[PDB]
Visitor: 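Have a look at this one before I ask anything.
Throughout, protein chains are lettered first and strands after them, A, B, ... in sequence-line order, and every chain is numbered starting at 1.
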Number of protein chains: 2
Amino acid sequence: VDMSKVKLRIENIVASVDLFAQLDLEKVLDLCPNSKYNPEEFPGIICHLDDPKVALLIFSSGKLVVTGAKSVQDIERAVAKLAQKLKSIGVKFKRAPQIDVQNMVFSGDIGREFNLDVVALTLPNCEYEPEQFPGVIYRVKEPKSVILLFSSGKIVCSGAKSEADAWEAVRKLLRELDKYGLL
Amino acid sequence: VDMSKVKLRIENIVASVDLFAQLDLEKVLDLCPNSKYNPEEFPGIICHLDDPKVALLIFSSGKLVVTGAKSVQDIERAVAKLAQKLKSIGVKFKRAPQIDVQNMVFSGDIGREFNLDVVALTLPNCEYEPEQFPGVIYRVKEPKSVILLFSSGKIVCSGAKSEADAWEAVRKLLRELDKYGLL
């Protein structure tokens, strides 16, 4: 495999956060501009931070989800800025926030165009039903991740909680494509 | 609303073709510049034409699948190219080849980054399972198409069989995003 043209760029990081502090979403709403709380729509509230541009799915449990983050820094700055705002309304947290990367999505380009039908016909563990979903879905077992391969050669890797794992996932795909004379 | 920043480019056109003449794939194989033929796994010959660079999945029924085409011209030429090759091996064709565009995949960009978690919580009907598949799936009923939206704003429209329908699909996606204040 010629990794030289393979690019992978973090597109998004979603982190599961635990503030360890039950929250009164009705109050939390105050901290979130234009945020609305409709429990019959979504049990939490979508808190939009402008800096970093992130949206937090804040739950009453104090557990939240940092979404729309481009970096681990966004997540950190977000959880912090949030907890700041929370104390600014009287929240005292039982513990330190348990921040965990839930998922990372990397968009990429493996370097070359592919005939998805051929890849799908050739490649053993891949899914391909273009009408229903564009691209060839390649699910990696280790690490658990999924690569969406497009005929353009652009790929989108998700499921991985680290860039290294994403890269390995991409490496495994290329390896598999290679193994099946698809590169 | 604003289609000025929406870029859509054909990525693939797949056509179903019925040469209406039974093909002896054993003989057909020599017609292919390159072919993958493993009858045991896949019944059709994976016929790689250099020009157009397209792969025809040639079945003995005379039905083909033109894959990896980026234009209707490619499709047309590949089918005529195969047809002529088949003629050169005594394949006579009673009927006119029936070529039907089965799918077009357009890659694109709607010119706005998105928070798919929010989009997904917000859009009335889209699919979003990032650990299972990257991007948000937005299915259009009319025209029946599927747009996969990425946080980058990059989209991949599939299912349409017309570029106009793809654009209209993308338009519907946008009109929807707009309706939900996601634009």
Side-chain angles (χ1 to χ4, degrees), chain A residues 9-14 34 41-42 44 46 48 53-57 65-70 102-107 113-122 124 127 129-135 137 139 144-148 150-161 180-182, chain B residues 9-14 34 36 38 41-42 44 46-48 53-57 65-70 102-107 113-122 127 129-135 137 139 144-148 150-161 181:
Chain A
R9 88 172 195 245
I10 187 55
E11 285 298 340
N12 177 73
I13 318 197
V14 159
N34 300 277
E41 166 67 3
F42 176 52
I46 301 177
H48 291 263
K53 198 184 181 307
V54 145
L56 304 159
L57 308 188
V65 188
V66 191
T67 71
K70 303 320 153 57
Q102 179 171 157
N103 194 63
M104 292 183 88
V105 178
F106 296 88
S107 69
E113 311 206 7
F114 291 83
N115 179 313
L116 264 38
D117 291 75
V118 177
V119 176
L121 283 175
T122 306
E127 311 173 4
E129 65 174 296
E131 322 299 348
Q132 180 85 324
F133 186 92
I137 284 179
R139 300 175 187 296
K144 185 182 170 61
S145 48
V146 53
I147 302 179
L148 177 42
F150 295 114
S151 50
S152 58
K154 301 307 172 299
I155 55 169
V156 182
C157 178
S158 187
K161 291 157 183 273
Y180 293 87
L182 289 160
Chain B
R9 89 140 293 203
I10 189 57
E11 285 304 322
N12 186 246
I13 311 186
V14 166
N34 299 96
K36 302 187 176 201
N38 304 122
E41 294 90 74
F42 185 60
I46 293 178
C47 198
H48 294 107
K53 183 196 199 308
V54 96
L56 307 175
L57 310 181
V65 183
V66 181
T67 72
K70 283 232 194 287
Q102 301 294 230
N103 190 49
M104 294 178 78
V105 178
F106 290 85
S107 59
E113 288 228 294
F114 289 90
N115 183 322
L116 303 192
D117 282 272
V118 170
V119 165
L121 281 170
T122 311
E127 308 189 44
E129 278 211 50
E131 292 72 30
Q132 153 176 322
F133 68 71
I137 294 178
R139 299 189 190 282
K144 154 172 42 66
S145 295
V146 54
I147 294 173
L148 179 51
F150 297 106
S151 47
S152 53
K154 301 310 171 289
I155 54 170
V156 181
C157 184
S158 191
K161 296 165 195 167

Visitor: Is there a donor-acceptor contact under 3.5 Å from the side chain of B:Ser107 to the main chain of B:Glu11?
Guide: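 A pair under 3.5 Å: no.
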
Visitor: With a 4.5 angstrom heavy-atom cut-off, could you sort out which part of B:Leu121 is near chain A: side chain, backbone, both or neither?
Guide: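 Both parts, backbone and side chain.
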
Visitor: Side chain, backbone, both or neither: which part of A:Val65 has a non-hydrogen atom closer than 4.5 Å to chain B?
Guide: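 For A:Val65, neither part sits under 4.5 Å from chain B.
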
Visitor: By a 4.5 Å heavy-atom criterion (distance strictly below it), what part of B:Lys144 contacts chain A: side chain, backbone, both, or neither?
Guide: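 Neither part; nothing is under 4.5 Å.
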
Visitor: Any side-chain heavy atom of A:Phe150 within less than 4.5 Å of one from B:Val105?
Guide: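 No, every pair of side-chain atoms sits at 4.5 Å or beyond.
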
Visitor: Does any backbone or side-chain atom of B:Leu116 lie under 4.5 Å from a heavy atom of chain A? Answer side chain, backbone, both or neither.
Guide: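 Contact with chain A involves no heavy atom of B:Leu116 at all.
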
Visitor: Does any part of the side chain of B:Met104, heavy atoms only, come nearer than 4.5 Å to the side chain of B:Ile10, both counted from C-beta?
Guide: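 Touching, per the 4.5 Å side-chain cut-off.
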
Visitor: Check whether any side-chain heavy atom of B:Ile137 sits under 4.5 Å from a side-chain heavy atom of B:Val146, and report yes or no.
Guide: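 The answer is yes; the side chains approach within 4.5 Å.
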
Visitor: Heavy-atom distance under 4.5 Å to chain B: side chain of A:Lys154, backbone, both or neither?
Guide: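 No part of A:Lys154 comes within 4.5 Å of chain B.
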
Visitor: Going by atom types alone, do B:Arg139 and A:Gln132 pair a side-chain donor with an acceptor below 3.5 Å?
Guide: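 Yes, because at least one side-chain N or O of B:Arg139 sits under 3.5 Å from a partner of the opposite role on A:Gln132.
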
Visitor: Could you look at B:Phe42 and say if it's the side chain, the backbone, both or neither that has a heavy atom under 4.5 Å from chain A?
Guide: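 For B:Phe42, the side chain is the part near chain A, not the backbone.
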
Visitor: Ion pair present between A:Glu113 and B:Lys53, side-chain N to carboxylate O less than 4.0 angstrom?
Guide: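 Here A:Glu113 does not pair with B:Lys53 in a salt bridge, since their nearest N and O are not under 4.0 Å apart.
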
Visitor: For chain B, which of A:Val54, A:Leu57, A:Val118 has the most heavy-atom pairs under 4.5 Å?
Guide: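 Highest number of pairs under 4.5 Å: A:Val118.
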
Visitor: So which residue, B:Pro134, B:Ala55, B:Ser151, B:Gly159, ends up with the most heavy-atom pairs under 4.5 Å with chain A?
Guide: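 The residue among B:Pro134, B:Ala55, B:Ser151, B:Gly159 with the greatest pair count is B:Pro134.
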
Visitor: Please classify the contact of A:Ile147 with chain B as side chain, backbone, both or neither, using a heavy-atom distance under 4.5 Å.
Guide: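 No part of it gets close to chain B.
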
Visitor: Does any non-hydrogen side-chain atom of A:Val66 lie less than 4.5 Å from one of A:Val14?
Guide: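 Of all side-chain heavy-atom pairs linking A:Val66 with A:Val14, none is under 4.5 Å.
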
Visitor: Would you call B:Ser158 and B:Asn103 a side-chain contact if the rule is heavy atoms closer than 4.5 Å?
Guide: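 Yes, at least one pair of side-chain atoms sits under 4.5 Å.
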
Visitor: Of the listed residues (B:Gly135, B:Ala69, B:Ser152), which shares the most heavy-atom pairs with chain A below a 4.5 Å separation?
Guide: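 Option with the top pair count is B:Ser152.
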
Visitor: Count the heavy-atom pairs under 4.5 Å between each of B:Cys157, B:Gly68, B:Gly181 and chain A, then report the option with the highest count.
Guide: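 Of the options given, most contacts go to B:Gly68.
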
Visitor: Chain B heavy atoms under 4.5 Å from A:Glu41: which part of the residue, side chain, backbone, both or neither?
Guide: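 Side chain only.
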
